[PDB]
Amino acid sequence: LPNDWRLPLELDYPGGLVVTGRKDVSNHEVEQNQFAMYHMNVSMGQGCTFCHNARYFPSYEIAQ
Amino acid sequence: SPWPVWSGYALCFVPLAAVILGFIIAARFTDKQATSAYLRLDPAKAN
Amino acid sequence: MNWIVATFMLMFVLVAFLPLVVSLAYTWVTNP
Amino acid sequence: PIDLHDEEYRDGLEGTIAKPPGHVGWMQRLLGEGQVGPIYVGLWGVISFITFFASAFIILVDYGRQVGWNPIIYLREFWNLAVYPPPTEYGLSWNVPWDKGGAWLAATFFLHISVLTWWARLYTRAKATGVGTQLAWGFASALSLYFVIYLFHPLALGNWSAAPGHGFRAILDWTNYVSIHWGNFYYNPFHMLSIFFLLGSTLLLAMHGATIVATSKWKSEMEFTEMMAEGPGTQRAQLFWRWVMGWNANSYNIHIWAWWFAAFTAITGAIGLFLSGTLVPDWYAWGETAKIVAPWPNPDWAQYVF
Amino acid sequence: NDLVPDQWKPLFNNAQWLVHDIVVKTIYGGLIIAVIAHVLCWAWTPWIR
Amino acid sequence: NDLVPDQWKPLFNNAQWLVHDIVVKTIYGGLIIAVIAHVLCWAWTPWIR
Amino acid sequence: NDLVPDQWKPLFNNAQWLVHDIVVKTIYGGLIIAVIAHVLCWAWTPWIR
Amino acid sequence: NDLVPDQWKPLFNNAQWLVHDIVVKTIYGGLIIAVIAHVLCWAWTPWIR
Amino acid sequence: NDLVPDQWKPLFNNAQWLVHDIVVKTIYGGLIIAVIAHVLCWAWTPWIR
Amino acid sequence: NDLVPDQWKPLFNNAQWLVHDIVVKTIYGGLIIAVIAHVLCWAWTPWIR
Amino acid sequence: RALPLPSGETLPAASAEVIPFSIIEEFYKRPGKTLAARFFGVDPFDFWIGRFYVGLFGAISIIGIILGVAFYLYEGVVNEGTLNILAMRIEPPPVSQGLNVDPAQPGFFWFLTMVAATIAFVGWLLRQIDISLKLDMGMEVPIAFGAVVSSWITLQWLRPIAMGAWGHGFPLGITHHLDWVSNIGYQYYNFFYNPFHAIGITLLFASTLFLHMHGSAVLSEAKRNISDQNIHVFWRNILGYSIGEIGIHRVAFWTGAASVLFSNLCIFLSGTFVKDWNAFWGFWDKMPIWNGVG
Amino acid sequence: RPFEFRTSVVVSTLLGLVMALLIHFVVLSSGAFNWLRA
Amino acid sequence: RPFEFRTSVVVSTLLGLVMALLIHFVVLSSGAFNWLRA
Amino acid sequence: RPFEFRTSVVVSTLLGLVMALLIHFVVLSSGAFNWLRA
Amino acid sequence: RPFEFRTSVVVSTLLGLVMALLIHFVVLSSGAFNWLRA
Amino acid sequence: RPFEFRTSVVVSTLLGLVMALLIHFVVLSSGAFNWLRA
Amino acid sequence: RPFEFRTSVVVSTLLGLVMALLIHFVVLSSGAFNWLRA
Amino acid sequence: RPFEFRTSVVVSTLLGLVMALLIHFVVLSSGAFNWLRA
Amino acid sequence: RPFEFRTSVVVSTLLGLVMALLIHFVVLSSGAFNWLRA
Amino acid sequence: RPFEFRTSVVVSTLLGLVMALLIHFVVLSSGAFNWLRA
Ligand code: BCL
Ligand code: BCL
Ligand code: BCL
Ligand code: BCL
Ligand code: BCL
Ligand code: BCL
Ligand code: BCL
Ligand code: BCL
Ligand SMILES: [Fe+3]
């Protein structure tokens with residue numbers, strides 16, 4: 001990650017970070033999203049399939 | 001409800017039918033022209 | 001246990017790599 | 001009718017620059033022929049060169065500004081430096097600050113010009129020597145996908161930010177981001193056709209090369225001479241495949257197969273990428289309406305977590 | 001190769017001339033229709049505004 | 001081979017001359033139309049301001 | 001092929017001379033227009049300040 | 001190739017000698033200027049300190 | 001092909017000998033300067049400490 | 001040829017022999033210097049302890 | 001009269017003559033040079049049924065083929081009941097079951113399908129060795145096929161056995177092995193950053209490029225009267241190098257073979273030794289040359 | 001012939017077309033003219 | 001006649017065009033002239 | 001014959017142009033001259 | 001004959017230019033000289 | 001005869017240059033000498 | 001004969017069959033006719 | 001002969017066997033007959 | 001012989017078989033007939 | 001020649017250089033010698 005980057009906490013976060021199929025966001029928003037997701041990955045010991053079910057990212061089946 | 005929507009056909013069964021048909025026709029024609037009769041060198045001499 | 005078998009399987013992967021090298025060296029030798 | 005000598009040495013603009021040929025030696029012992037020889041420069045040749053040198057210069061200087069003109073740091077972080085297109089604000093506007101996204105536009109323009117001039121060079125040099133012009137049309141087929149990526153897809157979305165960013169690791173990031181944005185990019189059916197054609201292309205290449213090398217002993221490598229009269233090598237090569245898989249092709253058909261597989265790869269790829277942002281916003285949600293998603297009601301997730 | 005006038009004799013063959021005539025006629029007709037169509041979409045809603 | 005004037009004889013063939021005439025005429029017409037169109041988009045909204 | 005003066009005879013062919021003339025004339029005209037345009041965008045807003 | 005002295009006769013052609021003279025002269029001049037420039041930046045602010 | 005001594009005759013050509021001489025002289029000079037520079041870098045601040 | 005002794009005649013050419021000699025001399029010198037440097041690095045601070 | 005040619009052209013009137021195809025099959029039969037008959041003294045079948053040559057290796061292969069197809073159809077059609085090939089998924093036994101396999105537990109038929117498929121593939125490879133041995137050509141095609149066979153072995157035997165779960169083999173079934181690939185790719189972050197992975201895709205794209213260029217080169221000189229040095233001159237005019245006729249086929253064979261080898265290495269390694277790929281590149285920043293200049 | 005006339009006309013018509021297209025695109029995307037809903 | 005005249009004019013008209021285009025781009029993107037809504 | 005003159009002039013003008021361009025880029029991006037809104 | 005003079009001058013003028021450029025960039029980026037607003 | 005002399009001098013001058021550059025970089029980046037504002 | 005007749009009949013039958021099949025599948029999947037439990 | 005007889009018998013016995021197997025699978029997996037614990 | 005009879009019978013029996021199979025599958029999967037526990 | 005002499009000297013000097021470099025780097029990075037501010 002870039003050293004200037006910090007976790008963006010000025011958002012509603014019930015689903016404010018969603019990006020899939022939105023059609024009003026470009027690759028810049030997706031890049032910020034992936035930054036935050038990799039941070040959550042390093043924080044948690046486990047990997048990226050800990051809570052996502054990478055076939056569909058907007059799915060909530062893992063319950064983590 | 002039981003049926004695949006429109007564009008399921010157009011997007012997925014144009015490939016699945018067209019590619020299989022194309023392979024089975026192109027193979028027939030290539031093998032025909034290859035196993036046909038034309039100029040070759042004799043096996044008893046060249047080899 | 002885990003690591004002995006892991007090293008032994010990596011051996012097999014490198015053995016799969018092996019034949020291509022023999023092909024290359026045969027071509028180098030037999031083509032002076 | 002056609003003098004090859006006057007087409008190998010002819011001064012400049014109409015001739016080659018590197019007049020003396022050279023030998024590589026180690027290439028000779030392993031690759032067959034091993035002479036470097038002269039390279040022809042024409043009118044179309046100089047244009048692509050200078051435009052490519054302009055785009056590369058623009059990009060390389062802009063790397064230095066990011067590191068503060070420090071050559072130690074410049075050499076350390078060279079592989080993750082990049083220049084990015086404008087952000088979503090002023091999506092298609094051409095008036096952007098140089099450092100934010102302005103440098104990308106000029107570079108991509110000069111790159112386009114260089115590519116098109118190289119195509120023209122291919123076509124003209126093919127006609128000059130008396131051979132056919134199939135290579136130029138194949139290059140056009142690949143240019144179709146190239147132009148959809150950089151020009152046609154950002155346009156018709158409103159954002160210049162959809163294009164990649166002229167970096168070594170920037171292109172991997174672009175691939176990942178697009179696939180994530182559309183959602184389950186694996187489900188795109190033209191992507192499936194493209195993968196089919198790509199793996200078929202590698203299959204055909206390996207097979208043709210391997211069989212021709214195996215039957216080389218009987219001088220089957222000279223595919224041009226064999227086209228007029230099939231010798232013992234080509235006769236053996238046909239029999240091997242006839243018994244294995246039940247059918248075979250002579251030396252003329254197999255190259256048609258090669259050409260068409262390689263071209264269908266890029267054509268289906270371009271058609272499939274163009275449709276992602278416009279017609280079908282979500283690919284996985286489309287697949288479940290087409291009844292081709294595995295039900296997977298309760299998977300065993302113990303494998304994926306460590 | 002002698003139906004074309006003298007001034008254009010070195011350029012045009014005999015057969016290439018009649019085609020050229022067809023092309024010119026088609027282009028003129030197309031231009032007339034294009035002008036009419038643009039006057040109409042104008043009268044509908046102008047686009048410069 | 002001899003329709004072009006002497007000053008330009010080494011350069012231009014005979015056929016290459018008439019095409020050069022067409023090109024010059026087209027370029028002049030295009031320049032006139034371009035100048036008119038430019039005058040019109042300033043009478044609309046100036047760009048330099 | 002003797003239209004070029006003797007001082008420049010080894011270098012220039014006959015045909016290569018007239019084009020050189022065209023190039024020089026075009027370059028002079030372009031330089032005059034460039035100077036005028038630069039005086040105008042300085043009167044507008046100076047760039048060095 | 002007989003302008004070069006005997007001890008360097010095999011190594012240098014006769015054209016290769018004059019260019020080598022130019023190279024030596026340029027290198028000497030460059031070294032003098034480099035020494036002057038280094039004395040100046042040091043008088044300004046020393047680097048080793 | 002006969003300026004080099006007999007002991008080294010099979011190895012060195014004639015031209016290859018003078019370059020060897022230049023290389024040896026340059027290496028000796030470089031080593032002397034390197035030794036001086038390390039003695040100086042040591043007197044300044046020792047590295048091993 | 002024929003400069004190498006009989007026992008090593010099938011292996012070494014003539015030219016290959018002198019290079020060898022150089023290699024052996026260099027290796028001996030390097031080993032002596034390595035031993036001295038090791039004794040010094042030990043007297044400074046031992047590494048096994 | 002008119003001379004039919006291999007490229008389809010019919011010429012307007014050389015030791016070459018028009019020979020019908022059958023002649024050249026009878027001359028090149030030579031029965032008895034089978035690799036197997038070398039070891040046993042004899043081959044059981046070698047009777048060329050139809051156009052297909054049969055050998056000892058062919059029979060074990062066909063056994064594997066029939067049994068594998070039958071088990072694949074039994075899974076997903078029975079015990080799933082989906083009756084749609086795209087919807088059905090054939091899944092390996094769970095990771096809790098471990099390395100041991102049990103008929104009562106689920107996944108027993110996936111294991112049978114996998115074993116039958118492996119037998120069929122290896123038998124096919126040996127059959128290719130055999131048929132090439134009769135013709136006395138050479139052993140290049142068996143090597144090129146053995147590369148992809150080894151990839152299959154790495155994916156379904158070596159990597160599952162090293163971890164030991166048996167659940168790691170990719171589930172069979174159209175449009176469900178893709179879900180496995182997608183969940184494995186993201187399990188270790190940035191599979192793109194993996195070095196052995198990136199060499200495989202480099203070689204794949206380079207192979208497609210070489211194929212297009214060779215095909216266009218041979219098609220361009222197909223039907224025309226030329227010296228045969230015209231193509232070499234064209235290649236020297238564009239990029240200033242001509243590989244030769246024997247050179248391009250060697251390169252095709254080699255690149256094709258190398259791609260899959262690097263790929264199977266990358267996957268086997270990811271499973272066993274590396275948890276994520278971003279942590280792998282953490283060492284580069286701290287290289288002494290530039291560790292403090294920032 | 002030192003200069004082929006047709007090369008000149010080819011490069012001229014290509015450069016002119018590209019230049020017209022580029023200027024048209026830049027002017028449209030600048031959004032300063034109120035043309036096609038702006 | 002070692003130096004071909006046409007090579008000189010080709011490289012001259014390419015370099016001049018590229019240079020005009022680059023300067024025009026830089027000046028437009030600097031945003032210091034109030035030209036096309038700036 | 002030992003040194004073609006045209007190679008010298010080609011490399012000279014290329015190096016000079018690249019060097020002028022690089023120095024102007026560096027000076028512009030340093031932001032120490034108040035040139036074009038700085 | 002064995003050692004071409006022009007190869008020597010080419011490699012010399014390339015190495016010298018690269019070395020001058022590298023030293024100039026390191027000294028500028030070190031920020032220890034108060035040169036161009038430092 | 002067993003070795004070309006010029007190969008030796010080429011590899012020698014490449015290895016020496018690379019080695020000088022690497023040592024110079026390491027010593028500068030170690031930050032233990034107070035050289036160029038350290 | 002500018003064309004082979006059999007090529008025409010082959011392409012005609014193929015296009016007609018594909019078109020009938022596509023229309024029959026679109027109409028069935030639209031669900032607007034109450035045909036086979038709809 | 002216009003048709004080889006053995007091709008007919010081969011394709012006949014393959015199609016018949018495949019068809020019997022497919023019907024037997026479908027009927028078993030439908031679970032509507034109480035056959036082998038159903 | 002412009003058209004081979006056996007090609008016609010081959011394509012006819014293939015198309016007919018595929019069509020019967022497809023219709024049978026569609027009718028079974030529609031679930032509108034109460035056939036085999038429906 | 002059962003072994004070309006030059007292959008031996010090439011591999012010898014490469015292995016020796018790599019080994020010296022590796023040992024040096026390990027000893028420096030171990031931090032047990034108080035060398036260059038340690
Ligand atoms: C922004 C405000 C105005 C605007 C302001 C202007 C202004 C101001 C001008 C134009 C000009 C033009 N505009 Mg505009 N324009 C606007 C919106 C539009 C719209 C539309 C979508 O709304 C369209 C269609 C156009 C289209 C055009 C053309 C009529 C014309 C450009 C000619 C040119 O570039 O081609 C030139 C192409 C080439 C040089 C090559 C032509 C090819 C030849 C003719 C084909 C034969 C080739 C021959 C066979 C040889 C073959 C060789 C091949 C090249 C190899 N404008 C907006 C509304 N537009 C320019 C024009 O009219 O000047 C004439 C003009 O000055
Ligand atoms: C998020 C997911 C990750 C991803 C995760 C993986 C994973 C996981 C893997 C790959 C692997 C591959 N990926 Mg990846 N990959 C991704 C992105 C990409 C991209 C891209 C442009 O972005 C590309 C080009 C690739 C390319 C590739 C190659 C590196 C490799 C191809 C497999 C192969 O060659 O061997 C496959 C070889 C075989 C299995 C074929 C065996 C076939 C047998 C012999 C034939 C059976 C006969 C059969 C029944 C047919 C019978 C014929 C009758 C007609 C019926 N990946 C994304 C980033 N990739 C695979 C690899 O490494 O290979 C080991 C793999 O493990
Ligand atoms: C509204 C004002 C906008 C602007 C919008 C445009 C647009 C938009 C265009 C130009 C174009 C031009 N502009 Mg302007 N331009 C502006 C400000 C400027 C300024 C400035 C103040 O400094 C300058 C110097 C220019 C200068 C120019 C020239 C570089 C160029 C056309 C010159 C010429 O006549 O064409 C050279 C000669 C011709 C083009 C020959 C034409 C050939 C024939 C007539 C083409 C016919 C095409 C026909 C339709 C095809 C079908 C024909 C078949 C026979 C049927 N513009 C402002 C920002 N400008 C035009 C351009 O170059 O594209 C060509 C362009 O389209
Ligand atoms: C407003 C002031 C802006 C600026 C904006 C620009 C822009 C924008 C441009 C220049 C260009 C130039 N600038 Mg300025 N420039 C600025 C400050 C400077 C400073 C400085 C203070 O130090 C300097 C030294 C310069 C110097 C220069 C020259 C390097 C260059 C043109 C010189 C010449 O006459 O052209 C050399 C000779 C010619 C160009 C010959 C022209 C050939 C013919 C006449 C072209 C006709 C084209 C025609 C339209 C095509 C159709 C014709 C058909 C027949 C129909 N600028 C400030 C920042 N400057 C111009 C450039 O170089 O582009 C070439 C450019 O476009
Ligand atoms: C304002 C002061 C800035 C600075 C900004 C620049 C910029 C900006 C430039 C230089 C350039 C140079 N600087 Mg300074 N420079 C500074 C400090 C220094 C210092 C220092 C204190 O140590 C030094 C030693 C230098 C030294 C130099 C030389 C290396 C170089 C030009 C020398 C020469 O005459 O050109 C060698 C000879 C020539 C260039 C021949 C010119 C050839 C012909 C005349 C070119 C005509 C072009 C024409 C427009 C094209 C159209 C013509 C057609 C016929 C129409 N600068 C400070 C930081 N310096 C210039 C550079 O090198 O670019 C070349 C450059 O542009
Ligand atoms: C201010 C002090 C800075 C520093 C800043 C620089 C900078 C900046 C430079 C050097 C350069 C050099 N430095 Mg210092 N240098 C420093 C400390 C040191 C120390 C140290 C204490 O240990 C050493 C040993 C050196 C040693 C050196 C040499 C390696 C090198 C030039 C030697 C020589 O004469 O050039 C060898 C001979 C020549 C260069 C021949 C020159 C050829 C001709 C004269 C070039 C003319 C160019 C002309 C403008 C082009 C147009 C001409 C046309 C005819 C018109 N520096 C400190 C950190 N140093 C210079 C370098 O190498 O670049 C080459 C460089 O630019
Ligand atoms: C219920 C109304 C539905 C609809 C449902 C369908 C369906 C479903 C079909 C059509 C088909 C057609 N429709 Mg409709 N169609 C609708 C609205 C329209 C509208 C409109 C209002 O604009 C139009 C213009 C049409 C027009 C058409 C024609 C394009 C086409 C058949 C024309 C023709 O006779 O066949 C051309 C001539 C023939 C087909 C020759 C037939 C050849 C022989 C007789 C075939 C025999 C087959 C035999 C069974 C095989 C075994 C024989 C062996 C000897 C044993 N439909 C609405 C939406 N329409 C049919 C189609 O084209 O399929 C081809 C199709 O199946
Ligand atoms: C219980 C009722 C189930 C059902 C279950 C099955 C099953 C299960 C089967 C059939 C099969 C058939 N069914 Mg039923 N079938 C049902 C409803 C129907 C309906 C309907 C109501 O519409 C129809 C039309 C049919 C029609 C048919 C025929 C298509 C087919 C066999 C016809 C024939 O005689 O064989 C054609 C002629 C023969 C098969 C020749 C046999 C050749 C020799 C005798 C084979 C000997 C094999 C021997 C054991 C091998 C060893 C011999 C060595 C010498 C030792 N079924 C319902 C759903 N049906 C059978 C099928 O087709 O398999 C082929 C099949 O197995
Ligand atoms: Fe080939």
# chains A, B, ... in the order shown; residues from 1 in each chain; ligands from 1
>>> select_by_dssp(residues="chain N", states="helix (DSSP H, G or I)", output="MDAnalysis selection string")
chainID N and resid 5:30
>>> write_last_selection(atoms="N, CA, C and O atoms", output="JSON list (two decimals), in the first residue's frame")
[["chain", "number", "residue", "atom", "x", "y", "z"],
["N", 5, "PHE", "N", 30.37, 10.45, -41.98],
["N", 5, "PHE", "CA", 30.01, 11.76, -41.45],
["N", 5, "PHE", "C", 28.54, 11.81, -41.03],
["N", 5, "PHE", "O", 28.19, 12.41, -40.01],
["N", 6, "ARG", "N", 27.67, 11.17, -41.81],
["N", 6, "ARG", "CA", 26.25, 11.29, -41.54],
["N", 6, "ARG", "C", 25.86, 10.60, -40.24],
["N", 6, "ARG", "O", 24.94, 11.06, -39.56],
["N", 7, "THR", "N", 26.54, 9.52, -39.87],
["N", 7, "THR", "CA", 26.28, 8.93, -38.56],
["N", 7, "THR", "C", 26.56, 9.94, -37.45],
["N", 7, "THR", "O", 25.79, 10.04, -36.48],
["N", 8, "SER", "N", 27.64, 10.70, -37.58],
["N", 8, "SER", "CA", 27.97, 11.71, -36.59],
["N", 8, "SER", "C", 26.87, 12.76, -36.49],
["N", 8, "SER", "O", 26.43, 13.10, -35.39],
["N", 9, "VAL", "N", 26.41, 13.27, -37.63],
["N", 9, "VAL", "CA", 25.40, 14.33, -37.53],
["N", 9, "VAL", "C", 24.08, 13.78, -37.01],
["N", 9, "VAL", "O", 23.37, 14.47, -36.26],
["N", 10, "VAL", "N", 23.73, 12.54, -37.36],
["N", 10, "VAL", "CA", 22.49, 11.95, -36.85],
["N", 10, "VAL", "C", 22.55, 11.82, -35.34],
["N", 10, "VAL", "O", 21.64, 12.28, -34.62],
["N", 11, "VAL", "N", 23.61, 11.20, -34.82],
["N", 11, "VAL", "CA", 23.69, 11.02, -33.37],
["N", 11, "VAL", "C", 23.80, 12.36, -32.67],
["N", 11, "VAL", "O", 23.26, 12.54, -31.57],
["N", 12, "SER", "N", 24.43, 13.35, -33.30],
["N", 12, "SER", "CA", 24.56, 14.66, -32.68],
["N", 12, "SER", "C", 23.21, 15.34, -32.54],
["N", 12, "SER", "O", 22.87, 15.83, -31.46],
["N", 13, "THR", "N", 22.44, 15.38, -33.60],
["N", 13, "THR", "CA", 21.19, 16.04, -33.46],
["N", 13, "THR", "C", 20.21, 15.29, -32.58],
["N", 13, "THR", "O", 19.41, 15.92, -31.91],
["N", 14, "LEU", "N", 20.25, 13.97, -32.54],
["N", 14, "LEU", "CA", 19.40, 13.24, -31.61],
["N", 14, "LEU", "C", 19.78, 13.54, -30.16],
["N", 14, "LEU", "O", 18.92, 13.83, -29.33],
["N", 15, "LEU", "N", 21.08, 13.45, -29.85],
["N", 15, "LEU", "CA", 21.49, 13.70, -28.47],
["N", 15, "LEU", "C", 21.18, 15.12, -28.05],
["N", 15, "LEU", "O", 20.70, 15.35, -26.93],
["N", 16, "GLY", "N", 21.42, 16.09, -28.93],
["N", 16, "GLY", "CA", 21.13, 17.47, -28.58],
["N", 16, "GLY", "C", 19.66, 17.71, -28.31],
["N", 16, "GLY", "O", 19.29, 18.39, -27.35],
["N", 17, "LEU", "N", 18.79, 17.15, -29.16],
["N", 17, "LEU", "CA", 17.36, 17.34, -28.97],
["N", 17, "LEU", "C", 16.89, 16.70, -27.68],
["N", 17, "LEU", "O", 16.16, 17.32, -26.89],
["N", 18, "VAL", "N", 17.29, 15.45, -27.43],
["N", 18, "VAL", "CA", 16.91, 14.79, -26.19],
["N", 18, "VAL", "C", 17.38, 15.59, -24.99],
["N", 18, "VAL", "O", 16.66, 15.74, -24.00],
["N", 19, "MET", "N", 18.60, 16.14, -25.06],
["N", 19, "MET", "CA", 19.15, 16.83, -23.90],
["N", 19, "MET", "C", 18.40, 18.14, -23.64],
["N", 19, "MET", "O", 18.08, 18.46, -22.49],
["N", 20, "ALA", "N", 18.10, 18.90, -24.70],
["N", 20, "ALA", "CA", 17.30, 20.11, -24.54],
["N", 20, "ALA", "C", 15.94, 19.78, -23.92],
["N", 20, "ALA", "O", 15.49, 20.45, -22.99],
["N", 21, "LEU", "N", 15.28, 18.73, -24.42],
["N", 21, "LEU", "CA", 13.96, 18.36, -23.91],
["N", 21, "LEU", "C", 14.02, 17.97, -22.44],
["N", 21, "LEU", "O", 13.17, 18.39, -21.64],
["N", 22, "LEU", "N", 15.01, 17.17, -22.06],
["N", 22, "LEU", "CA", 15.12, 16.73, -20.68],
["N", 22, "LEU", "C", 15.38, 17.91, -19.75],
["N", 22, "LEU", "O", 14.77, 18.00, -18.67],
["N", 23, "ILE", "N", 16.26, 18.83, -20.15],
["N", 23, "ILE", "CA", 16.54, 19.96, -19.27],
["N", 23, "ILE", "C", 15.31, 20.86, -19.15],
["N", 23, "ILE", "O", 15.00, 21.36, -18.06],
["N", 24, "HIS", "N", 14.60, 21.13, -20.22],
["N", 24, "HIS", "CA", 13.41, 21.93, -20.09],
["N", 24, "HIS", "C", 12.35, 21.24, -19.22],
["N", 24, "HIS", "O", 11.68, 21.92, -18.46],
["N", 25, "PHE", "N", 12.17, 19.92, -19.31],
["N", 25, "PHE", "CA", 11.22, 19.23, -18.44],
["N", 25, "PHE", "C", 11.61, 19.37, -16.98],
["N", 25, "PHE", "O", 10.77, 19.68, -16.14],
["N", 26, "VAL", "N", 12.88, 19.13, -16.68],
["N", 26, "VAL", "CA", 13.34, 19.20, -15.29],
["N", 26, "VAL", "C", 13.15, 20.60, -14.74],
["N", 26, "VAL", "O", 12.66, 20.78, -13.61],
["N", 27, "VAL", "N", 13.53, 21.62, -15.51],
["N", 27, "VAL", "CA", 13.40, 22.99, -15.03],
["N", 27, "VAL", "C", 11.94, 23.37, -14.83],
["N", 27, "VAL", "O", 11.59, 24.03, -13.85],
["N", 28, "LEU", "N", 11.06, 22.95, -15.74],
["N", 28, "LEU", "CA", 9.65, 23.26, -15.57],
["N", 28, "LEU", "C", 9.08, 22.59, -14.33],
["N", 28, "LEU", "O", 8.36, 23.21, -13.55],
["N", 29, "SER", "N", 9.41, 21.31, -14.12],
["N", 29, "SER", "CA", 8.81, 20.57, -13.02],
["N", 29, "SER", "C", 9.43, 20.90, -11.67],
["N", 29, "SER", "O", 8.85, 20.54, -10.64],
["N", 30, "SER", "N", 10.59, 21.56, -11.64],
["N", 30, "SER", "CA", 11.18, 21.94, -10.36],
["N", 30, "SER", "C", 10.35, 22.99, -9.64],
["N", 30, "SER", "O", 10.38, 23.06, -8.40]]
>>> residues_near_ligand(ligand="ligand 2", cutoff="6 Å", atoms="only C-alpha atoms and all ligand atoms", output="PDB file with C-alpha atoms, in the first residue's frame")
ATOM      1  CA  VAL K 148       0.436 -31.536 -20.012  1.00  0.00           C
ATOM      2  CA  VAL K 149      -0.041 -34.979 -18.463  1.00  0.00           C
ATOM      3  CA  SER K 151       0.381 -30.820 -15.162  1.00  0.00           C
ATOM      4  CA  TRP K 152      -2.697 -32.981 -14.595  1.00  0.00           C
ATOM      5  CA  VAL K 181     -10.142 -21.828  -9.599  1.00  0.00           C
ATOM      6  CA  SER K 182     -11.612 -18.521  -8.456  1.00  0.00           C
ATOM      7  CA  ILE K 184      -8.090 -20.756  -4.934  1.00  0.00           C
ATOM      8  CA  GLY K 185      -6.775 -17.734  -6.808  1.00  0.00           C
ATOM      9  CA  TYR K 186      -8.030 -15.325  -4.171  1.00  0.00           C
ATOM     10  CA  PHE K 191      -1.790 -14.733  -7.816  1.00  0.00           C
ATOM     11  CA  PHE K 192      -0.733 -12.374 -10.611  1.00  0.00           C
ATOM     12  CA  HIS K 197       2.594 -17.876 -12.776  1.00  0.00           C
ATOM     13  CA  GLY K 200       3.378 -19.245 -17.875  1.00  0.00           C
ATOM     14  CA  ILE K 201       1.071 -16.564 -19.245  1.00  0.00           C
ATOM     15  CA  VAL K 260       2.709 -25.789 -18.512  1.00  0.00           C
ATOM     16  CA  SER K 263       2.479 -23.339 -14.273  1.00  0.00           C
ATOM     17  CA  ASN K 264       2.326 -26.644 -12.411  1.00  0.00           C
ATOM     18  CA  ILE K 267       0.435 -24.055  -8.178  1.00  0.00           C
TER      19      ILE K 267
END
>>> residues_around(residues="residue 33 in chain T", least_positions_apart="4", cutoff="10 Å", atoms="only C-alpha atoms", output="PyMOL selection string")
(chain I and resi 48-49) or (chain J and resi 41+44-47) or (chain T and resi 27-29+37-38)
>>> write_last_selection(atoms="C-alpha atoms", output="compact mmCIF listing (two decimals), in the first residue's frame")
# COMPACT_ATOMS: atom_id res chain seq x y z
CA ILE I 48 35.84 -1.08 11.66
CA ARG I 49 35.95 0.78 15.08
CA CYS J 41 39.70 -11.35 11.95
CA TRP J 44 40.09 -8.86 16.55
CA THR J 45 36.94 -10.66 17.80
CA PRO J 46 36.52 -14.46 17.70
CA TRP J 47 33.46 -15.81 15.99
CA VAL T 27 28.58 -11.62 7.58
CA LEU T 28 27.57 -7.99 7.10
CA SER T 29 23.88 -8.65 7.74
CA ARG T 37 28.12 1.55 12.43
CA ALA T 38 27.15 -1.65 14.21
>>> residues_around(residues="residue 3 in chain I", least_positions_apart="5", cutoff="9 Å", atoms="only C-alpha atoms", output="VMD selection string")
chain I and resid 9 13 to 15 17
